[PDB]
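FYI the Cβ positions are ideal-geometry reconstructions off the backbone, even for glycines, and counts take in every protein chain you see. Any read-out appearing in this document is the output of simple, stated calculations on the displayed coordinates, not a laboratory observation.
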Amino acid sequence: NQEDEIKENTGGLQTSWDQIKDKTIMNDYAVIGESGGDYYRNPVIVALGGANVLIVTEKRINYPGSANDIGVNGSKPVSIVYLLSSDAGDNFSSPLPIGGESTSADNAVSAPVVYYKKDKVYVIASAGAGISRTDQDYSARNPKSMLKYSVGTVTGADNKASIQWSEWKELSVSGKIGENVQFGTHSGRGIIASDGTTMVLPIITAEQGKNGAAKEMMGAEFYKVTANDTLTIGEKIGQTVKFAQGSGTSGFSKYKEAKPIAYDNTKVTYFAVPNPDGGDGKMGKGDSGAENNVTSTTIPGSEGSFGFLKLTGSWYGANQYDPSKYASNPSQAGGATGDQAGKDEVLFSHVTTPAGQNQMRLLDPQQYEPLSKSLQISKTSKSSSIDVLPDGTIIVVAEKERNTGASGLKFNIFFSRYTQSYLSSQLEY
Ligand SMILES: [Mg+2]
Ligand SMILES: [Mg+2]
């Protein structure tokens with residue numbers, strides 16, 4: 001179950017093809033290791049600008065999470081923490097809780113959805129009950145479901161960045177989601193539309209029943225949210241998504257959490273994770289045009305938050321490019337002359353069985369269908385997240401090295417950095 005770690009003093013951002021051409025795995029190490037009774041889970045990674053990297057994670061305080069692996073459960077403290085690097089991930093600060101350490105159910109937050117374009121980081125989190133399944137019917141629970149958000153103001157992203165977070169505030173769903181709908185978030189990097197200001201908010205819905213009469217009928221609603229220091233929920237995008245009963249336990253839907261992979265200002269396209277209880281082991285693809293148009297893909301998948309990065313003309317793969325030029329014009333940096341166009345590409349990583357092996361893949365940027373090759377990035381995992389640095393190298397945060405002696409799902413949090421040529425050599429023909 002243990003990984004072979006690489007810890008290097010890179011130069012920070014790379015600045016020339018000669019420096020980078022022979023490098024493959026530039027870093028691959030646990031930024032968070034043993035943590036006693038605390039569980040660090042569901043990480044998301046952000047390249048802030050320059051050599052600055054942000055990792056956001058939930059922290060379940062002295063307990064493993066709900067029985068269905070949700071951070072909040074309407075009674076235990078759960079924080080959302082952040083780590084910062086100013087040397088392209090060579091070194092990360094010790095994790096700090098956004099807004100101070102959680103102390104009760106009333107300030108607990110988990111499953112962060114993280115949005116960023118350039119000066120402000122927006123984190124929208126599950127709060128109160130989340131989509132946790134407990135002993136009570138949802139209608140009887142007192143902390144019911146809630147959404148909360150914090151805004152991180154970024155300073156110095158072109159030197160060595162600092163962030164300060166606003167107070168957690170409630171993001172009301174009144175008039176958007178009815179009572180009864182138990183709802184929450186599913187961890188990941190959030191989509192910002194082409195205008196740079198409209199965020200896509202995916203609200204996960206779930207009929208969970210209770211212990212002794214469990215259900216898991218899941219769905220989603222997508223909403224516009226305008227980037228702002230005060231957030232409010234805007235217009236609905238398309239239809240309410242509801243997944244159908246699977247072939248397993250009665251009341252368990254074939255797919256669980258839907259996560260946006262694209263938004264064209266008209267419809268949200270989503271990948272949905274297959275239910276290990278009644279699904280087909282493959283990621284599902286659908287969009288907000290209908291209540292349920294999801295179709296099976298050929299991508300193997302399971303529970304958890306997949307990583308997904310779309311590059312627009314900025315993938316050079318095995319071909320030479322100028323990493324200094326990449327910082328100012330990522331789509332025009334290729335060739336020995338340093339000014340050729342790259343191509344579109346999608347990078348995707350997810351586990352193939354529950355808490356199993358994490359495979360990275362290239363997907364076609366129009367239909368998101370996989371190429372034939374896949375690269376194992378972890379023996380044991382569940383959630384991961386991908387981004388690209390201003391020098392063109394690929395960064396990943398992922399749960400790895402499951403502690404099988406621990407009560408729930410306990411992992412270490414890994415940071416990894418790869419050259420595009422290495423990834424190409426493993427994923428392309
Ligand atoms: Mg070092
Ligand atoms: Mg304050």
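With contacts taken as Cα pairs under 8 Å at a separation of at least 6 residues, the range 17-427 carries a relative contact order of 15 percent. Counting 0.36 nm for each residue step from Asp22 to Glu167 and taking away their Cα separation leaves a gain of 47.7 nm.
Overall dimensions of the range 162-254, expressed as equivalent-ellipsoid semi-axes from the Cα gyration tensor (√(5λ), whole Å, largest first), are 29, 15, 13.
Extension gain, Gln426-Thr269: 0.36 nm per intervening residue step, less the Cα-Cα distance, totals 53.8 nm. Projecting label points 7 angstrom from Cα along Cα→Cβ for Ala244 and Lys120 puts them 4.2 nm apart.
Potential lengthening of the chain between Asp137 and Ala30 amounts to 34.6 nm, from the contour at 0.36 nm per residue minus the alpha-carbon distance. Using 18 Å as the cut-off for backbone N distance, which residues of the range 104-126 belong to the label zone defined by a point 7 Å from the Cα of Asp158 along Cα→Cβ? Zone members listed by number: 117-120. Legend: P(r) of the chain from all alpha carbon pair distances, 20 Å bins from 0, whole percents, reading 27, 61, 11, 0.
Quick one: which residues, 5 or more positions from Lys144 or on another chain, have an amide H under 5 Å from its amide H? H modelled 1.01 Å from N in the peptide plane, none for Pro or chain starts. For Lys144, the qualifying residues are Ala129.
Distance between the C-alpha centres of the range 371-417 and the range 347-367: 11 Å, rounded to the whole angstrom.
With 25 Å as the limit, the listed pairs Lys144/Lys236; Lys215/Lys259; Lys148/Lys379; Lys210/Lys256 have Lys148/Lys379 beyond it between alpha carbons.
If a spin label sat at a point 7 angstrom from the Cα of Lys210 along the line to its beta carbon, the backbone N atoms of the range 67-93 nearer than 17 Å would be those of 67-68, 73-75. Highest mean first, the peptides 59-71, 228-240 sorted by other C-beta atoms within 10 Å per residue fall in the order 59-71, 228-240. Of all DSSP beta bridges confined to the chain, the antiparallel ones make up roughly 95%. Taking 7 Å steps out from each Cα toward its Cβ at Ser407 and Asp106 produces label points 2.5 nm apart.
Each peptide among 267-273, 365-371 gets the average number of other Cβ atoms lying within 10 Å of its residues, and from highest to lowest they stand as 267-273, 365-371.
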